[PDB]
Amino acid sequence: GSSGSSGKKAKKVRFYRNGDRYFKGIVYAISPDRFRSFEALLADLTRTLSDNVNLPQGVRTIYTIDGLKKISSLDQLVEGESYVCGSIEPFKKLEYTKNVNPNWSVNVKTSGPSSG
(Lines give C-alpha, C1' and ligand atoms only; values in the text may rest on other atoms or scores of the structure.)
Protein backbone atom coordinates (compact mmCIF):
# COMPACT_ATOMS: atom_id res chain seq x y z
CA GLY A 1 0.00 0.00 0.00
CA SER A 2 1.72 3.13 -1.29
CA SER A 3 -0.67 6.05 -0.81
CA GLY A 4 -1.94 6.15 2.76
CA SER A 5 -5.66 5.39 2.75
CA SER A 6 -7.18 4.64 6.16
CA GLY A 7 -10.73 4.48 4.82
CA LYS A 8 -13.96 6.41 4.33
CA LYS A 9 -16.54 4.51 6.38
CA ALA A 10 -17.92 7.38 8.47
CA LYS A 11 -15.31 9.59 10.15
CA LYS A 12 -15.49 8.97 13.90
CA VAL A 13 -15.19 12.25 15.79
CA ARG A 14 -15.83 13.11 19.44
CA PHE A 15 -17.21 16.53 20.37
CA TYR A 16 -16.85 17.96 23.88
CA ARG A 17 -18.14 21.08 25.65
CA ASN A 18 -15.87 24.13 25.72
CA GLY A 19 -15.10 24.52 29.41
CA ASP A 20 -16.36 21.21 30.76
CA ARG A 21 -14.16 18.28 31.79
CA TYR A 22 -16.89 16.41 33.66
CA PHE A 23 -18.72 15.93 30.36
CA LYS A 24 -17.94 12.57 28.77
CA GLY A 25 -18.57 13.90 25.28
CA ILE A 26 -20.57 12.74 22.27
CA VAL A 27 -19.31 10.66 19.35
CA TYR A 28 -20.11 11.49 15.73
CA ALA A 29 -19.80 9.52 12.49
CA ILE A 30 -19.32 11.72 9.42
CA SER A 31 -20.60 9.56 6.56
CA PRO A 32 -21.40 10.60 2.95
CA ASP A 33 -24.96 9.36 3.40
CA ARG A 34 -25.38 11.13 6.74
CA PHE A 35 -24.18 14.74 6.60
CA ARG A 36 -24.81 16.67 3.39
CA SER A 37 -23.19 19.97 4.36
CA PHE A 38 -21.75 21.74 7.40
CA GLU A 39 -25.18 23.22 8.12
CA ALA A 40 -26.43 19.72 8.89
CA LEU A 41 -23.57 19.07 11.31
CA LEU A 42 -24.23 22.36 13.12
CA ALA A 43 -27.93 21.58 13.52
CA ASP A 44 -27.27 18.20 15.13
CA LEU A 45 -24.47 19.53 17.34
CA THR A 46 -26.79 22.29 18.57
CA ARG A 47 -29.54 19.76 19.28
CA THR A 48 -27.25 18.07 21.80
CA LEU A 49 -24.45 20.49 22.66
CA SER A 50 -26.36 23.70 23.38
CA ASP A 51 -27.63 25.17 26.65
CA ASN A 52 -27.98 28.43 28.58
CA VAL A 53 -25.01 27.45 30.75
CA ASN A 54 -22.89 26.26 27.82
CA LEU A 55 -23.20 27.76 24.34
CA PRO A 56 -26.52 29.69 24.47
CA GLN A 57 -26.53 30.49 20.75
CA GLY A 58 -25.31 27.05 19.73
CA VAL A 59 -22.32 25.72 17.81
CA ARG A 60 -20.35 27.41 15.03
CA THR A 61 -16.61 26.97 15.56
CA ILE A 62 -15.26 23.52 16.42
CA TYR A 63 -11.58 23.50 17.39
CA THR A 64 -9.36 20.47 17.93
CA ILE A 65 -8.44 18.84 21.24
CA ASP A 66 -4.98 20.44 21.24
CA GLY A 67 -6.33 23.81 20.16
CA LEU A 68 -4.10 24.46 17.15
CA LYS A 69 -6.43 24.36 14.14
CA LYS A 70 -10.14 24.99 13.60
CA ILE A 71 -12.71 22.94 11.68
CA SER A 72 -14.72 24.71 8.98
CA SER A 73 -15.88 22.04 6.52
CA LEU A 74 -16.62 18.31 6.64
CA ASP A 75 -13.47 17.46 4.66
CA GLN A 76 -11.21 18.73 7.45
CA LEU A 77 -11.92 16.30 10.30
CA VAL A 78 -10.03 13.02 10.65
CA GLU A 79 -10.90 9.40 11.41
CA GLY A 80 -10.60 8.78 15.14
CA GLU A 81 -10.10 12.24 16.62
CA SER A 82 -11.56 14.67 19.15
CA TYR A 83 -12.73 18.27 18.83
CA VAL A 84 -14.15 21.01 21.06
CA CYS A 85 -17.38 22.84 20.22
CA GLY A 86 -17.01 26.59 20.66
CA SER A 87 -19.12 29.69 20.04
CA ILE A 88 -18.19 32.93 21.80
CA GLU A 89 -15.99 31.97 24.75
CA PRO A 90 -12.25 31.45 24.05
CA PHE A 91 -10.68 28.00 23.73
CA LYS A 92 -9.85 26.30 27.03
CA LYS A 93 -7.01 23.83 27.58
CA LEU A 94 -8.43 20.88 29.52
CA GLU A 95 -7.53 17.20 29.85
CA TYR A 96 -10.49 15.40 28.28
CA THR A 97 -8.64 12.19 27.39
CA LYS A 98 -7.73 11.92 31.08
CA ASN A 99 -11.32 10.82 31.71
CA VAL A 100 -11.82 8.97 28.42
CA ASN A 101 -8.55 7.55 27.10
CA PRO A 102 -8.11 6.47 23.44
CA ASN A 103 -10.10 3.22 23.36
CA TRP A 104 -13.35 4.05 21.56
CA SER A 105 -12.24 4.17 17.92
CA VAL A 106 -10.26 0.93 18.20
CA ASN A 107 -12.02 -1.51 20.52
CA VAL A 108 -15.80 -1.16 20.82
CA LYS A 109 -16.33 -1.94 24.50
CA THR A 110 -19.75 -0.29 24.77
CA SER A 111 -22.89 0.26 22.70
CA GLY A 112 -25.22 2.47 24.70
CA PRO A 113 -27.89 0.87 26.95
CA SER A 114 -25.38 -1.71 28.17
CA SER A 115 -24.33 -0.98 31.76
CA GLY A 116 -23.41 -2.57 35.07
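For this deposition, the record names solution NMR as the technique by which the model was determined.

For the protein chain, the PDB entry supplies the name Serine/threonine-protein kinase DCAMKL1 and the organism Homo sapiens. Here the PDB entry's recorded title is "Solution structure of the N-terminal DCX domain of human doublecortin-like kinase".

A. Highlighting the packing of aromatic side chains. All chains considered together, the criterion is met by five aromatic pairs. Pairing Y63 with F91 gives two aromatic rings, centres 5.8 Å apart and planes at 80 degrees, and the pair type is edge-to-face. Taken together, the residues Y63 in strand 3 (residues 61–64) and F91 in the segment after strand 5 (81–86) connect sequence positions 28 residues apart. Taking relative accessible area as the criterion, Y63 reaches 28% and is therefore assigned partly exposed. The structure contains a cluster of three or more aromatic residues connected by ring pairs, namely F15, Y28, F35 and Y83. The cationic tip of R14 hangs over the ring face of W104; the distance from NZ or CZ to the ring centre is 5.3 Å. Across the ring face of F23, the terminal group of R17 is positioned such that the distance to the ring centre comes to 4.4 Å.

B. Spatial organisation of the pairing of strand 1 (residues 11–17). A large share of strand 1 lies buried, amounting to six of its seven residues. Here five bridges tie strand 1 to strand 2 (residues 26–30), and the two strands are oriented antiparallel to one another. Counted as the bridge partner of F15 is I26 from strand 2. By the bridge criterion, five bridges tie strand 1 to strand 5 in an arrangement that is parallel. Considered in strand 5, the bridge of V13 is made with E81.

C. Broad picture of unusual backbone geometry. Located in the positive-phi region is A10, a residue other than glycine, with phi close to 60 degrees. Position of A10 relative to the elements: it lies in the segment before strand 1. Judged by its relative accessible area of 10%, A10 falls in the buried class. For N101, which is not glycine, the phi dihedral falls at a positive 65 degrees. Checked against the element boundaries, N101 lands in the segment after strand 5. On the accessibility criterion, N101 (46% relative accessible area) is partly exposed.

D. Just the pairing of strand 5, in detail. Taking burial as the measure, the six residues of strand 5 include five buried ones, the bulk of the element. As judged from the four bridges shared by strand 3 and strand 5, these two strands associate in the antiparallel manner. Paired with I62 across the bridge in strand 5 is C85.

Scoring rules and cut-offs
Residues numbered from 1 in each chain as written, not as in the entry; some residues may be left out. Heavy atoms only, no water. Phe/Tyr/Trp six-rings, centres within 6.5 Å; stacked < 30°, edge-to-face > 60°. Helix = DSSP H or I, 4+ residues; strand = E, 2+ residues; numbered from the N terminus. Buried < 20%, exposed > 50% of the residue type's maximum accessible area, 1.4 Å probe, protein only. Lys NZ or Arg CZ within 6 Å of the ring centre and 35° of its normal. Pairing = 2+ DSSP bridges.

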